[PDB]
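A.B. asks: Let me begin by handing over the structure; questions about it come next.
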Amino acid sequence: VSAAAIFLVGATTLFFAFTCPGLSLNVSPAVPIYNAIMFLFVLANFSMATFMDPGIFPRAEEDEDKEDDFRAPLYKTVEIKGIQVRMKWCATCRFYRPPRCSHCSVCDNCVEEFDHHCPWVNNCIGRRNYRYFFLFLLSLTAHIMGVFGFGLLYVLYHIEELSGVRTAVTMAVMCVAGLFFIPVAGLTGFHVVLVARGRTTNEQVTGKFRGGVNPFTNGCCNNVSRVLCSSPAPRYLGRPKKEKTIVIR
Amino acid sequence: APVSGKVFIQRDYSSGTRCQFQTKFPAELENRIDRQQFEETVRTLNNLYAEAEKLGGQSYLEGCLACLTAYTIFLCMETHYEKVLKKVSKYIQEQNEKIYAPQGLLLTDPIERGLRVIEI
Ligand SMILES: [Zn+2]
Ligand SMILES: [Zn+2]
């Protein structure tokens, strides 16, 4: 099957067991704020991004939409903001795929507003979990930056000898941070660009949009507002089923 | 309980991706439902969903509170959109029991359809 990134937690716990207990008698007193809160935020955001419905559409059954399709090329055009977008008559999901969403192929589902699929996240990112994943990445890169830039006190104040005992605990986490920071920083900066622009991932892959493009570009601050402080969407699948009222004549 | 057919209302897209339906009255519903009351109900339902979306100060505050409390406030308290869905569900039930039922029509919650098309 597929597995998560266990090693990333393993690097963090080096700081949790023995890295800086009882050093704050003459130096920086306030210990936990540097790493503990960041680790809790990272864990919470990562978990809520991993186990959560990202926007699975409820597998539109047959006899859906209009059946007058005789030999249509399976795409109807809608002009949002005056700019046309080409959507698709999805075969198995059996609906028109409203603009800015697609299939997931390997995930075997067709979803709402789509960003990317990955085995590390174990799913595909819609918009329900896009805020959670975005804060997870921001908090994780913040955690790595905080480690590599300030948690090195346990060596930086430590004189030449640094002889064993507990120093070897910090020995490996330094190179772990060094090797892991560049990819995560680049990827989170990528997603920062994708948030600044109203334009994400597969839209980067499409090397065709040249001109009056990105109809839903909005206004930058508005995009960060809707991705951070908007009211979370509810799940489109698994809602309790209601009951009929009457024969209705 | 015989059934004649189903009519779908596409979502209004000139405004954008926000959850408002195409208010334009379909031609199939002639003499079953008048244009005026259909306009009225679609406008009110769209207003309700727009109210569910508004980026007001309360949305910012609830986002900040959720971020601070590690989102456990969702488990204790339902989100704003969920209570708006409850209110609009009550709205559609009362509308169905007061206008559509004598006219031989019934409306389903679009949330069952994934907020794509409303089925009558
Ligand atoms: Zn699909
Ligand atoms: Zn997926």
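In the structure tokens, chains take letters A, B, ... by order of appearance, with residues numbered from 1 within each chain and ligands from 1 in the order shown.
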Mind checking which residues fall within 9 Å of residue 99 of chain A, counting only C-alpha atoms, ignoring those fewer than 6 positions away in the same chain, and posting them as a PyMOL selection string?
C.D. replies: (chain A and resi 78+80+85-87+112-113) or (chain B and resi 17)
A.B. asks: With only C-alpha atoms as the counted atoms, please give the residues lying no more than 9 Å from residue 2 of chain B, apart from itself and same-chain residues fewer than 3 positions off, as a PyMOL selection string.
C.D. replies: chain A and resi 247-249
A.B. asks: Taking 3 positions as the minimum chain separation for residues in the same chain, which residues sit within 8 Å of residue 5 of chain A when counting only C-alpha atoms? Answer as a list in words.
C.D. replies: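 Skipping anything fewer than 3 positions along the chain leaves residues 8, 9 and 120 of chain A.
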A.B. asks: Quick one: pick out all alpha helix (DSSP H) residues within segment 92-247 of chain A from a backbone DSSP run and write them as a PyMOL selection string.
C.D. replies: chain A and resi 130-146+153-156+167-196+202-205+221-228
A.B. asks: Show me, as a Markdown table, the residues of chain A having an atom within 6 Å of ligand 2, each with the closest atom pair and its distance in Å, using only C-alpha atoms and all ligand atoms.
C.D. replies:
```
| residue | atom | partner | partner_atom_place_in_ligand_line | distance |
| --- | --- | --- | --- | --- |
| A:104 | CA | ligand 2 | 1 (Zn) | 4.9 |
| A:107 | CA | ligand 2 | 1 (Zn) | 4.0 |
| A:117 | CA | ligand 2 | 1 (Zn) | 5.1 |
| A:123 | CA | ligand 2 | 1 (Zn) | 4.6 |
| A:124 | CA | ligand 2 | 1 (Zn) | 3.3 |
```
A.B. asks: Write the residues you've just listed into a file as a compact mmCIF listing (two decimals), in the first residue's frame, and include N, CA and C atoms for each of them.
C.D. replies:
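Contents of the output file part.txt:
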```txt
# COMPACT_ATOMS: atom_id res chain seq x y z
N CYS A 104 -9.57 12.85 -11.34
CA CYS A 104 -8.35 12.60 -10.60
C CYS A 104 -7.65 11.32 -11.08
N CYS A 107 -7.12 8.48 -8.55
CA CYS A 107 -8.02 8.54 -7.40
C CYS A 107 -9.37 7.93 -7.76
N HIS A 117 -3.06 15.74 -6.92
CA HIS A 117 -3.13 14.46 -6.24
C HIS A 117 -1.72 13.97 -5.92
N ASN A 123 -4.32 11.53 -0.92
CA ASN A 123 -5.55 11.89 -1.62
C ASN A 123 -5.29 12.93 -2.69
N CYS A 124 -6.36 13.55 -3.18
CA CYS A 124 -6.30 14.67 -4.09
C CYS A 124 -6.90 15.88 -3.38
```
A.B. asks: Neighbours of ligand 1 within 8 Å, counting only C-alpha atoms and all ligand atoms, as a count of residues only?
C.D. replies: 14
A.B. asks: Please identify the strand (DSSP E) residues within segment 1-231 of chain A (assignment by DSSP from backbone atoms) and present them as a list in words.
C.D. replies: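 Those in segment 1-231 of chain A that DSSP calls strand (DSSP E) are residues 77, 78, 79, 80, 83, 84, 85, 86, 116, 117, 118, 123, 124 and 125 of chain A.
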A.B. asks: With C-alpha atoms retained, export the selected residues as an mmCIF file, in the first residue's frame.
C.D. replies:
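What ended up in again23.cif:
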```cif
data_model
loop_
_atom_site.group_PDB
_atom_site.id
_atom_site.type_symbol
_atom_site.label_atom_id
_atom_site.label_comp_id
_atom_site.auth_asym_id
_atom_site.auth_seq_id
_atom_site.Cartn_x
_atom_site.Cartn_y
_atom_site.Cartn_z
ATOM 1 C CA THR A 77 -18.866 26.198 -23.341
ATOM 2 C CA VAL A 78 -19.766 28.773 -20.675
ATOM 3 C CA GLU A 79 -18.310 32.290 -20.665
ATOM 4 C CA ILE A 80 -17.588 33.277 -17.065
ATOM 5 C CA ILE A 83 -14.143 34.538 -20.989
ATOM 6 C CA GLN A 84 -15.083 31.105 -22.281
ATOM 7 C CA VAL A 85 -13.944 27.951 -20.489
ATOM 8 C CA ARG A 86 -14.126 24.455 -21.951
ATOM 9 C CA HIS A 116 -3.312 18.115 -7.202
ATOM 10 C CA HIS A 117 -3.129 14.456 -6.236
ATOM 11 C CA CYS A 118 -0.282 12.910 -4.268
ATOM 12 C CA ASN A 123 -5.552 11.889 -1.619
ATOM 13 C CA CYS A 124 -6.300 14.675 -4.087
ATOM 14 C CA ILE A 125 -6.658 18.266 -2.888
#
```
A.B. asks: A:49, A:144, A:101, A:165: which is nearest residue 199 of chain A, counting only C-alpha atoms?
C.D. replies: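 Under the stated criterion, the closest residue is A:101.
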